[PDB]
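> What follows is model_26.pdb, PDB, C-alpha atoms.
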ATOM      1  CA  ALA A   1     -18.156  -4.220 -14.572
ATOM      2  CA  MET A   2     -16.157  -3.767 -11.333
ATOM      3  CA  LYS A   3     -14.658  -0.390 -10.500
ATOM      4  CA  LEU A   4     -12.154   0.270  -7.730
ATOM      5  CA  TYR A   5     -11.700   3.815  -6.443
ATOM      6  CA  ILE A   6      -8.254   4.452  -5.027
ATOM      7  CA  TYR A   7      -5.257   6.599  -4.276
ATOM      8  CA  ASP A   8      -2.054   5.340  -5.884
ATOM      9  CA  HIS A   9       0.160   5.868  -2.841
ATOM     10  CA  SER A  10      -2.109   4.554  -0.098
ATOM     11  CA  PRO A  11      -1.404   1.088   1.447
ATOM     12  CA  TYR A  12      -5.114   0.529   1.976
ATOM     13  CA  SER A  13      -5.796   0.885  -1.745
ATOM     14  CA  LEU A  14      -2.810  -1.291  -2.628
ATOM     15  CA  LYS A  15      -4.197  -4.045  -0.362
ATOM     16  CA  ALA A  16      -7.420  -4.008  -2.392
ATOM     17  CA  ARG A  17      -5.492  -3.959  -5.670
ATOM     18  CA  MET A  18      -3.363  -6.966  -4.656
ATOM     19  CA  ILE A  19      -6.290  -9.339  -4.463
ATOM     20  CA  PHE A  20      -7.437  -8.519  -8.016
ATOM     21  CA  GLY A  21      -3.942  -8.974  -9.392
ATOM     22  CA  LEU A  22      -3.239 -12.164  -7.446
ATOM     23  CA  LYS A  23      -6.417 -13.843  -8.725
ATOM     24  CA  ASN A  24      -6.038 -12.340 -12.209
ATOM     25  CA  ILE A  25      -9.438 -10.641 -11.840
ATOM     26  CA  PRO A  26      -9.811  -7.609 -14.167
ATOM     27  CA  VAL A  27     -10.679  -4.385 -12.348
ATOM     28  CA  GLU A  28     -11.151  -0.796 -13.603
ATOM     29  CA  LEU A  29      -9.002   1.488 -11.430
ATOM     30  CA  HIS A  30     -10.293   4.999 -10.809
ATOM     31  CA  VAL A  31      -7.895   7.299  -8.984
ATOM     32  CA  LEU A  32      -9.630  10.124  -7.111
ATOM     33  CA  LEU A  33      -8.090  13.487  -6.217
ATOM     34  CA  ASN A  34      -6.885  13.489  -2.601
ATOM     35  CA  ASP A  35      -9.090  16.468  -1.701
ATOM     36  CA  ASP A  36     -12.326  14.904  -3.036
ATOM     37  CA  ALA A  37     -14.793  14.459  -0.175
ATOM     38  CA  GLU A  38     -17.911  14.701  -2.319
ATOM     39  CA  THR A  39     -17.569  11.704  -4.610
ATOM     40  CA  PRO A  40     -16.746   9.030  -2.042
ATOM     41  CA  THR A  41     -19.562  10.424   0.091
ATOM     42  CA  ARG A  42     -22.036   9.852  -2.769
ATOM     43  CA  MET A  43     -20.860   6.253  -2.992
ATOM     44  CA  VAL A  44     -20.532   5.068   0.622
ATOM     45  CA  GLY A  45     -21.696   8.021   2.690
ATOM     46  CA  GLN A  46     -18.248   9.074   3.926
ATOM     47  CA  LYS A  47     -14.825  10.160   2.644
ATOM     48  CA  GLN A  48     -13.338   6.647   2.552
ATOM     49  CA  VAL A  49     -11.007   5.102  -0.005
ATOM     50  CA  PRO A  50     -10.607   2.471  -1.450
ATOM     51  CA  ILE A  51     -14.150   1.933  -2.717
ATOM     52  CA  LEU A  52     -15.243  -1.110  -4.697
ATOM     53  CA  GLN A  53     -18.196  -1.019  -7.033
ATOM     54  CA  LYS A  54     -19.365  -4.628  -7.557
ATOM     55  CA  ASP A  55     -21.154  -6.004 -10.669
ATOM     56  CA  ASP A  56     -24.601  -5.144  -9.249
ATOM     57  CA  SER A  57     -23.184  -1.568  -9.112
ATOM     58  CA  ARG A  58     -23.462  -1.309  -5.292
ATOM     59  CA  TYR A  59     -20.543   0.299  -3.392
ATOM     60  CA  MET A  60     -18.346  -1.131  -0.609
ATOM     61  CA  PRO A  61     -15.597   0.557   1.475
ATOM     62  CA  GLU A  62     -12.937  -0.945   3.780
ATOM     63  CA  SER A  63      -9.783  -2.637   2.475
ATOM     64  CA  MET A  64     -10.096  -5.974   4.358
ATOM     65  CA  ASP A  65     -13.823  -6.270   3.626
ATOM     66  CA  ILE A  66     -12.908  -5.797  -0.041
ATOM     67  CA  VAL A  67     -10.048  -8.283   0.056
ATOM     68  CA  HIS A  68     -12.279 -10.901   1.742
ATOM     69  CA  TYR A  69     -15.131 -10.218  -0.706
ATOM     70  CA  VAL A  70     -12.865 -10.574  -3.745
ATOM     71  CA  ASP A  71     -10.836 -13.596  -2.655
ATOM     72  CA  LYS A  72     -14.259 -15.309  -2.509
ATOM     73  CA  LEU A  73     -15.602 -14.296  -5.940
ATOM     74  CA  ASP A  74     -14.174 -17.295  -7.783
ATOM     75  CA  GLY A  75     -14.760 -19.879  -5.064
ATOM     76  CA  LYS A  76     -11.019 -20.430  -4.525
ATOM     77  CA  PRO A  77      -9.735 -18.105  -1.775
ATOM     78  CA  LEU A  78      -5.954 -17.729  -1.925
ATOM     79  CA  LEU A  79      -5.275 -16.242   1.472
ATOM     80  CA  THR A  80      -5.217 -19.571   3.276
ATOM     81  CA  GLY A  81      -1.765 -19.523   4.917
ATOM     82  CA  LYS A  82      -0.896 -18.896   8.543
ATOM     83  CA  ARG A  83       0.104 -15.578  10.092
ATOM     84  CA  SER A  84       3.568 -15.217  11.599
ATOM     85  CA  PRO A  85       3.919 -13.323  14.907
ATOM     86  CA  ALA A  86       7.503 -12.507  13.888
ATOM     87  CA  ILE A  87       6.087 -10.712  10.827
ATOM     88  CA  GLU A  88       3.470  -8.861  12.840
ATOM     89  CA  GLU A  89       6.096  -7.584  15.254
ATOM     90  CA  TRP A  90       8.361  -6.423  12.433
ATOM     91  CA  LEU A  91       5.378  -4.648  10.786
ATOM     92  CA  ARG A  92       4.421  -3.016  14.125
ATOM     93  CA  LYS A  93       7.933  -1.608  14.465
ATOM     94  CA  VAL A  94       8.598  -0.228  10.977
ATOM     95  CA  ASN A  95       5.127   1.315  10.831
ATOM     96  CA  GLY A  96       6.131   3.291  13.889
ATOM     97  CA  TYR A  97       8.387   5.338  11.609
ATOM     98  CA  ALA A  98       8.073   4.502   7.883
ATOM     99  CA  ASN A  99       5.685   7.442   7.447
ATOM    100  CA  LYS A 100       8.509   9.737   8.545
ATOM    101  CA  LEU A 101      10.162   8.607   5.306
ATOM    102  CA  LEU A 102       7.131   8.199   3.048
ATOM    103  CA  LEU A 103       4.630  11.034   3.740
ATOM    104  CA  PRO A 104       7.122  13.774   2.778
ATOM    105  CA  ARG A 105       8.192  11.833  -0.324
ATOM    106  CA  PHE A 106       4.535  11.195  -1.219
ATOM    107  CA  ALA A 107       3.804  14.960  -1.224
ATOM    108  CA  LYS A 108       6.541  15.648  -3.786
ATOM    109  CA  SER A 109       5.630  12.757  -6.080
ATOM    110  CA  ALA A 110       3.880  12.054  -9.383
ATOM    111  CA  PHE A 111       0.649  10.401  -8.228
ATOM    112  CA  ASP A 112      -2.700  11.047  -9.941
ATOM    113  CA  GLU A 113      -4.422  11.969  -6.657
ATOM    114  CA  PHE A 114      -1.976  14.878  -6.416
ATOM    115  CA  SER A 115      -2.279  15.941 -10.082
ATOM    116  CA  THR A 116      -3.787  19.282  -8.993
ATOM    117  CA  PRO A 117      -2.018  21.904  -6.855
ATOM    118  CA  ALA A 118      -4.913  21.984  -4.360
ATOM    119  CA  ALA A 119      -5.047  18.171  -4.183
ATOM    120  CA  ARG A 120      -1.345  17.981  -3.365
ATOM    121  CA  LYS A 121      -1.624  20.840  -0.851
ATOM    122  CA  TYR A 122      -4.531  19.153   0.987
ATOM    123  CA  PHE A 123      -2.394  16.096   1.620
ATOM    124  CA  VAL A 124       0.289  18.314   3.092
ATOM    125  CA  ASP A 125      -2.323  20.361   5.026
ATOM    126  CA  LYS A 126      -3.678  17.091   6.406
ATOM    127  CA  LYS A 127      -0.457  15.128   7.097
ATOM    128  CA  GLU A 128       2.253  17.694   7.861
ATOM    129  CA  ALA A 129       2.146  18.608  11.536
ATOM    130  CA  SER A 130       3.788  22.023  11.213
ATOM    131  CA  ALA A 131       4.488  24.265   8.239
ATOM    132  CA  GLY A 132       7.986  23.153   7.221
ATOM    133  CA  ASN A 133       8.037  19.809   8.976
ATOM    134  CA  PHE A 134       8.306  17.624   5.865
ATOM    135  CA  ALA A 135      11.492  19.503   4.985
ATOM    136  CA  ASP A 136      12.955  18.690   8.393
ATOM    137  CA  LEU A 137      11.942  15.006   8.129
ATOM    138  CA  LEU A 138      13.579  14.824   4.702
ATOM    139  CA  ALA A 139      16.732  16.298   6.223
ATOM    140  CA  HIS A 140      16.822  13.358   8.649
ATOM    141  CA  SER A 141      16.740  10.819   5.850
ATOM    142  CA  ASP A 142      20.266   9.657   6.690
ATOM    143  CA  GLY A 143      19.151   8.313  10.055
ATOM    144  CA  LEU A 144      15.867   6.795   8.958
ATOM    145  CA  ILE A 145      17.480   5.061   5.982
ATOM    146  CA  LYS A 146      19.947   3.271   8.279
ATOM    147  CA  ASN A 147      16.991   2.304  10.485
ATOM    148  CA  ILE A 148      14.984   0.874   7.647
ATOM    149  CA  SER A 149      18.003  -0.897   6.103
ATOM    150  CA  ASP A 150      18.775  -2.682   9.373
ATOM    151  CA  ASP A 151      15.165  -3.824   9.704
ATOM    152  CA  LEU A 152      15.169  -5.190   6.128
ATOM    153  CA  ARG A 153      18.149  -7.360   7.088
ATOM    154  CA  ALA A 154      15.966  -8.757   9.897
ATOM    155  CA  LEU A 155      12.995  -9.232   7.534
ATOM    156  CA  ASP A 156      15.465 -10.976   5.237
ATOM    157  CA  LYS A 157      15.929 -14.040   7.401
ATOM    158  CA  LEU A 158      12.195 -14.322   7.953
ATOM    159  CA  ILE A 159      10.979 -14.594   4.360
ATOM    160  CA  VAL A 160      10.236 -18.246   3.576
ATOM    161  CA  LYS A 161       9.250 -17.778  -0.089
ATOM    162  CA  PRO A 162       9.467 -14.986  -2.696
ATOM    163  CA  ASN A 163       5.775 -15.486  -3.488
ATOM    164  CA  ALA A 164       4.494 -15.789   0.068
ATOM    165  CA  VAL A 165       6.311 -14.379   3.066
ATOM    166  CA  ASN A 166       5.315 -17.319   5.248
ATOM    167  CA  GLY A 167       5.501 -20.025   2.574
ATOM    168  CA  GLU A 168       1.791 -19.912   1.815
ATOM    169  CA  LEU A 169      -0.054 -16.733   0.724
ATOM    170  CA  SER A 170      -1.470 -15.152   3.889
ATOM    171  CA  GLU A 171      -2.672 -11.901   5.478
ATOM    172  CA  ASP A 172       0.983 -11.097   6.161
ATOM    173  CA  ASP A 173       1.478 -10.759   2.425
ATOM    174  CA  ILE A 174      -1.379  -8.257   2.313
ATOM    175  CA  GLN A 175       0.008  -6.258   5.243
ATOM    176  CA  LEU A 176       3.667  -6.356   4.107
ATOM    177  CA  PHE A 177       3.774  -5.740   0.369
ATOM    178  CA  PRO A 178       2.184  -2.267   0.269
ATOM    179  CA  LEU A 179       4.795  -1.106   2.785
ATOM    180  CA  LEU A 180       7.647  -2.606   0.753
ATOM    181  CA  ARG A 181       6.296  -1.295  -2.552
ATOM    182  CA  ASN A 182       6.041   2.251  -1.230
ATOM    183  CA  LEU A 183       9.514   2.165   0.372
ATOM    184  CA  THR A 184      10.924   1.894  -3.186
ATOM    185  CA  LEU A 185      10.169   5.624  -3.319
ATOM    186  CA  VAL A 186      12.949   6.185  -0.830
ATOM    187  CA  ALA A 187      16.331   6.675  -2.497
ATOM    188  CA  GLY A 188      19.360   5.103  -0.861
ATOM    189  CA  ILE A 189      17.935   2.047   0.871
ATOM    190  CA  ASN A 190      20.137  -1.042   0.885
ATOM    191  CA  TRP A 191      17.919  -3.987  -0.177
ATOM    192  CA  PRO A 192      18.907  -7.526   0.948
ATOM    193  CA  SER A 193      18.563 -10.224  -1.722
ATOM    194  CA  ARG A 194      15.578 -12.247  -0.395
ATOM    195  CA  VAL A 195      13.575  -9.156   0.501
ATOM    196  CA  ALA A 196      14.374  -7.890  -2.999
ATOM    197  CA  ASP A 197      13.261 -11.212  -4.519
ATOM    198  CA  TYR A 198       9.963 -11.000  -2.597
ATOM    199  CA  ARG A 199       9.394  -7.309  -3.535
ATOM    200  CA  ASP A 200      10.016  -7.985  -7.278
ATOM    201  CA  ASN A 201       8.128 -11.325  -7.313
ATOM    202  CA  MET A 202       5.109 -10.092  -5.376
ATOM    203  CA  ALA A 203       4.900  -7.039  -7.677
ATOM    204  CA  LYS A 204       4.693  -9.162 -10.831
ATOM    205  CA  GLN A 205       2.138 -11.360  -9.076
ATOM    206  CA  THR A 206      -0.099  -8.501  -7.905
ATOM    207  CA  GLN A 207       0.324  -6.527 -11.141
ATOM    208  CA  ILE A 208       1.443  -3.465  -9.180
ATOM    209  CA  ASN A 209       4.239  -1.164 -10.329
ATOM    210  CA  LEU A 210       7.125  -0.347  -8.010
ATOM    211  CA  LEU A 211       8.228   3.255  -7.534
ATOM    212  CA  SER A 212      11.998   2.993  -8.135
ATOM    213  CA  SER A 213      12.032   5.369 -11.140
ATOM    214  CA  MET A 214      10.480   8.166  -9.034
ATOM    215  CA  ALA A 215      12.721   7.464  -6.036
ATOM    216  CA  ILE A 216      13.947  10.482  -4.088
TER     217      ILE A 216
END
For this file, write the structure as structure tokens.


Amino acid sequence: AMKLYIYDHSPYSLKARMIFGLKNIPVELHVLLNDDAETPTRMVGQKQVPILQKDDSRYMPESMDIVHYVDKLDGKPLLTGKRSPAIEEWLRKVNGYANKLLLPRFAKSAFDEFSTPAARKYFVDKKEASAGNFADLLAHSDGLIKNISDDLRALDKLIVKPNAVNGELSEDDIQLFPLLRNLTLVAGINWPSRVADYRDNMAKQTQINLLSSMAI
């Protein structure tokens, strides 16, 4: 009877979703409108998402707390591999700018949490620094796309396996995949073959759709 309250686009929700998919544990997704402060506050006392409702019907926020709690539910935790400092550095870098590519694309996209005009507007009112700034960021796609492409060629030589970035499923797979999955929203990226393998493989494994059809 486990429910998971999420936003489709958010990495933090995706991290929670991965652990259910990877362990083949059935979960009832409930996407909440981006502007909804009242419902998550009933559940956990604050506007926080993702939220997990366990079988006892009690609520629990925080992505990593949820991942750790779920990995444990069947007595066979899967996230046993080592973390790579080379992967953590790469993540640190790309996260310094990926949102310059994603946030504007998010706002324009077909996600449930934006299904209402006011829900979509809130996201923009919360994330867009100045009134037309997303339009200016989109206009600098050319530059950012080169930047991301180059980085993916560096991530390419680092990926040991298509089913575990380090060779054994680890926290790096939790931190990496959401980023990669969401970057498939960005039209024009050049994807190297091993990164591509990993992206496709890890999507079938986590039971999470990729965004290529909505790419802009």

> Quick one: everything within 12 Å of stretch 200-214 of chain A, counting only C-alpha atoms, minus sequence neighbours fewer than 6 positions away in the same chain. Send it as a ChimeraX atom specification.

/A:8-9,11,13-27,29,102,105-106,108-111,161-165,169,173-174,176-189,191,193-194

> Would you be able to write out as a VMD selection string which residues have an atom within 10 Å of (16.9, 6.7, 5.5) in the file's coordinates, counting all atoms listed in the file?

chain A and resid 98 100 to 101 138 to 149 186 to 190

> Would you work out the distance separating atom CA of residue A:168 from atom CA of residue A:94, expressed in Å to one decimal?

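About the pair atom CA of residue A:168 and atom CA of residue A:94: they are 22.8 Å apart.
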
> Convert the output of the PyMOL selection byres ((chain A and resi 44) around 7) on the shown file into explicit residues, formatted as a ChimeraX atom specification.

/A:40-43,45-46,59-61

> Show me the residues around (-12.2, -0.8, -8.7) - criterion: an atom at most 7 Å away, only C-alpha atoms counted - as a list in words.

residues 2, 3, 4, 5, 27, 28, 29, 30, 51, 52 and 53 of chain A

> Translate the PyMOL selection byres ((chain A and resi 78-83) around 7) into a concrete residue list for this structure, as a PDB file with C-alpha atoms, in the coordinates of the input.


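That gives us expr18.pdb:
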ATOM      1  CA  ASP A  71     -10.836 -13.596  -2.655  1.00  0.00           C
ATOM      2  CA  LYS A  76     -11.019 -20.430  -4.525  1.00  0.00           C
ATOM      3  CA  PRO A  77      -9.735 -18.105  -1.775  1.00  0.00           C
ATOM      4  CA  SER A  84       3.568 -15.217  11.599  1.00  0.00           C
ATOM      5  CA  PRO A  85       3.919 -13.323  14.907  1.00  0.00           C
ATOM      6  CA  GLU A 168       1.791 -19.912   1.815  1.00  0.00           C
ATOM      7  CA  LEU A 169      -0.054 -16.733   0.724  1.00  0.00           C
ATOM      8  CA  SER A 170      -1.470 -15.152   3.889  1.00  0.00           C
ATOM      9  CA  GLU A 171      -2.672 -11.901   5.478  1.00  0.00           C
ATOM     10  CA  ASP A 172       0.983 -11.097   6.161  1.00  0.00           C
TER      11      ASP A 172
END

> For the structure provided, state which residues fall under the PyMOL selection byres ((chain A and resi 34) around 12), and present them as number ranges by chain.

A: 5-10, 31-33, 35-40, 47-50, 106-107, 111-127

> If I take atom CA of residue A:156 and atom CA of residue A:195, how far is one from the other in Å, to one decimal?

5.4 Å

> Nearest residue to residue A:103 out of A:87, A:137, A:73, A:152, using all atoms listed in the file?

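That would be A:137, the residue with the smallest distance to residue A:103.
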
> Tell me, in Å to one decimal, how far atom CA of residue A:86 is from atom CA of residue A:198.

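Pair atom CA of residue A:86 / atom CA of residue A:198 returns 16.7 Å.
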
> Choose the residue, out of A:104, A:216, A:64, A:58, that has the smallest atom-to-atom separation from residue A:12; count all atoms listed in the file.

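That would be A:64, the residue with the smallest distance to residue A:12.
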
> Can you tell me, as lines of an AutoDock Vina configuration file, the centre and edge lengths (Å, one decimal) of the axis-aligned box enclosing all of stretch 132-145 of chain A's listed atoms after padding each side by 4 Å?


center_x = 14.1
center_y = 14.1
center_z = 7.4
size_x = 20.3
size_y = 26.1
size_z = 13.4

> Name the closest residue to residue A:89 among the candidates A:1, A:155, A:215, A:160; distances are taken between atoms, counting all atoms listed in the file.

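Between A:1, A:155, A:215, A:160, the residue approaching residue A:89 most closely is A:155.
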
> May I ask which of the residues A:66, A:99, A:154, A:92 is the closest one to residue A:128, counting all atoms listed in the file?

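Among A:66, A:99, A:154, A:92, it is A:99 that comes nearest to residue A:128.
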
> Please write a file for stretch 114-201 of chain A, taken from the block I just shared, that holds C-alpha atoms and is laid out as a PDB file, in the first residue's frame.


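To be explicit, this is the file written out as decode.pdb:
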ATOM      1  CA  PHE A 114       2.648  21.882 -14.396  1.00  0.00           C
ATOM      2  CA  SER A 115      -0.736  20.727 -15.765  1.00  0.00           C
ATOM      3  CA  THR A 116      -2.352  23.956 -14.508  1.00  0.00           C
ATOM      4  CA  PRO A 117      -1.432  27.475 -15.668  1.00  0.00           C
ATOM      5  CA  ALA A 118      -0.865  28.634 -12.070  1.00  0.00           C
ATOM      6  CA  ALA A 119       1.238  25.549 -11.262  1.00  0.00           C
ATOM      7  CA  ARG A 120       3.502  26.192 -14.240  1.00  0.00           C
ATOM      8  CA  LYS A 121       3.707  29.919 -13.441  1.00  0.00           C
ATOM      9  CA  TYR A 122       4.726  29.248  -9.810  1.00  0.00           C
ATOM     10  CA  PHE A 123       7.720  27.258 -10.990  1.00  0.00           C
ATOM     11  CA  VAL A 124       8.752  30.163 -13.175  1.00  0.00           C
ATOM     12  CA  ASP A 125       7.979  32.675 -10.375  1.00  0.00           C
ATOM     13  CA  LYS A 126      10.161  30.585  -8.071  1.00  0.00           C
ATOM     14  CA  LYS A 127      13.072  29.639 -10.381  1.00  0.00           C
ATOM     15  CA  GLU A 128      13.410  32.448 -12.932  1.00  0.00           C
ATOM     16  CA  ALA A 129      15.576  35.212 -11.507  1.00  0.00           C
ATOM     17  CA  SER A 130      14.214  38.029 -13.669  1.00  0.00           C
ATOM     18  CA  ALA A 131      11.133  38.330 -15.856  1.00  0.00           C
ATOM     19  CA  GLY A 132      12.455  37.181 -19.239  1.00  0.00           C
ATOM     20  CA  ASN A 133      15.545  35.368 -18.040  1.00  0.00           C
ATOM     21  CA  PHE A 134      14.538  31.873 -19.179  1.00  0.00           C
ATOM     22  CA  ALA A 135      14.236  33.256 -22.707  1.00  0.00           C
ATOM     23  CA  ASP A 136      17.788  34.587 -22.527  1.00  0.00           C
ATOM     24  CA  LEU A 137      19.128  31.285 -21.125  1.00  0.00           C
ATOM     25  CA  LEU A 138      17.400  29.411 -23.948  1.00  0.00           C
ATOM     26  CA  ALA A 139      19.063  31.770 -26.418  1.00  0.00           C
ATOM     27  CA  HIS A 140      22.446  30.665 -25.051  1.00  0.00           C
ATOM     28  CA  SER A 141      21.709  27.013 -25.691  1.00  0.00           C
ATOM     29  CA  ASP A 142      24.432  26.844 -28.344  1.00  0.00           C
ATOM     30  CA  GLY A 143      27.146  27.465 -25.771  1.00  0.00           C
ATOM     31  CA  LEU A 144      25.763  25.289 -23.006  1.00  0.00           C
ATOM     32  CA  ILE A 145      25.183  22.371 -25.375  1.00  0.00           C
ATOM     33  CA  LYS A 146      28.862  22.377 -26.388  1.00  0.00           C
ATOM     34  CA  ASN A 147      29.749  22.501 -22.681  1.00  0.00           C
ATOM     35  CA  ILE A 148      27.581  19.566 -21.780  1.00  0.00           C
ATOM     36  CA  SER A 149      28.665  17.536 -24.836  1.00  0.00           C
ATOM     37  CA  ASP A 150      32.340  17.919 -23.932  1.00  0.00           C
ATOM     38  CA  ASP A 151      31.667  16.806 -20.359  1.00  0.00           C
ATOM     39  CA  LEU A 152      29.772  13.712 -21.578  1.00  0.00           C
ATOM     40  CA  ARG A 153      32.890  12.719 -23.529  1.00  0.00           C
ATOM     41  CA  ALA A 154      34.773  12.889 -20.207  1.00  0.00           C
ATOM     42  CA  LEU A 155      32.037  10.917 -18.402  1.00  0.00           C
ATOM     43  CA  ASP A 156      32.322   8.444 -21.268  1.00  0.00           C
ATOM     44  CA  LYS A 157      35.738   7.128 -20.324  1.00  0.00           C
ATOM     45  CA  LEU A 158      34.717   6.840 -16.691  1.00  0.00           C
ATOM     46  CA  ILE A 159      31.712   4.529 -16.992  1.00  0.00           C
ATOM     47  CA  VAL A 160      32.768   0.994 -16.048  1.00  0.00           C
ATOM     48  CA  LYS A 161      29.412  -0.720 -16.705  1.00  0.00           C
ATOM     49  CA  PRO A 162      26.105   0.192 -18.398  1.00  0.00           C
ATOM     50  CA  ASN A 163      24.231  -1.009 -15.307  1.00  0.00           C
ATOM     51  CA  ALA A 164      26.461   0.567 -12.676  1.00  0.00           C
ATOM     52  CA  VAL A 165      28.678   3.555 -13.338  1.00  0.00           C
ATOM     53  CA  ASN A 166      31.424   2.212 -11.089  1.00  0.00           C
ATOM     54  CA  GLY A 167      30.981  -1.484 -11.894  1.00  0.00           C
ATOM     55  CA  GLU A 168      28.797  -2.160  -8.872  1.00  0.00           C
ATOM     56  CA  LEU A 169      25.526  -0.291  -8.160  1.00  0.00           C
ATOM     57  CA  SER A 170      26.410   2.622  -5.868  1.00  0.00           C
ATOM     58  CA  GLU A 171      25.338   6.080  -4.671  1.00  0.00           C
ATOM     59  CA  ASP A 172      26.953   7.471  -7.822  1.00  0.00           C
ATOM     60  CA  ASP A 173      24.240   5.751  -9.822  1.00  0.00           C
ATOM     61  CA  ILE A 174      21.621   7.497  -7.695  1.00  0.00           C
ATOM     62  CA  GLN A 175      23.292  10.896  -8.093  1.00  0.00           C
ATOM     63  CA  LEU A 176      24.055  10.540 -11.831  1.00  0.00           C
ATOM     64  CA  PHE A 177      21.029   9.014 -13.528  1.00  0.00           C
ATOM     65  CA  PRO A 178      18.436  11.694 -12.695  1.00  0.00           C
ATOM     66  CA  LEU A 179      20.766  14.286 -14.226  1.00  0.00           C
ATOM     67  CA  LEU A 180      21.277  12.197 -17.371  1.00  0.00           C
ATOM     68  CA  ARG A 181      17.584  11.347 -17.692  1.00  0.00           C
ATOM     69  CA  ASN A 182      16.558  14.994 -17.503  1.00  0.00           C
ATOM     70  CA  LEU A 183      19.246  16.131 -19.978  1.00  0.00           C
ATOM     71  CA  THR A 184      17.374  14.091 -22.633  1.00  0.00           C
ATOM     72  CA  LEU A 185      14.973  17.046 -22.608  1.00  0.00           C
ATOM     73  CA  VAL A 186      17.674  19.140 -24.205  1.00  0.00           C
ATOM     74  CA  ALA A 187      17.617  18.955 -28.003  1.00  0.00           C
ATOM     75  CA  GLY A 188      20.933  18.834 -29.823  1.00  0.00           C
ATOM     76  CA  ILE A 189      23.229  17.108 -27.350  1.00  0.00           C
ATOM     77  CA  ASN A 190      25.813  14.760 -28.831  1.00  0.00           C
ATOM     78  CA  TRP A 191      25.665  11.518 -26.782  1.00  0.00           C
ATOM     79  CA  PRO A 192      28.791   9.288 -26.650  1.00  0.00           C
ATOM     80  CA  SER A 193      28.124   5.550 -26.977  1.00  0.00           C
ATOM     81  CA  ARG A 194      28.914   4.312 -23.426  1.00  0.00           C
ATOM     82  CA  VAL A 195      27.081   7.181 -21.759  1.00  0.00           C
ATOM     83  CA  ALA A 196      24.175   6.391 -24.089  1.00  0.00           C
ATOM     84  CA  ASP A 197      24.359   2.691 -23.160  1.00  0.00           C
ATOM     85  CA  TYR A 198      24.264   3.607 -19.450  1.00  0.00           C
ATOM     86  CA  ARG A 199      21.372   6.105 -19.908  1.00  0.00           C
ATOM     87  CA  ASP A 200      19.247   3.552 -21.863  1.00  0.00           C
ATOM     88  CA  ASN A 201      20.202   0.577 -19.636  1.00  0.00           C
TER      89      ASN A 201
END
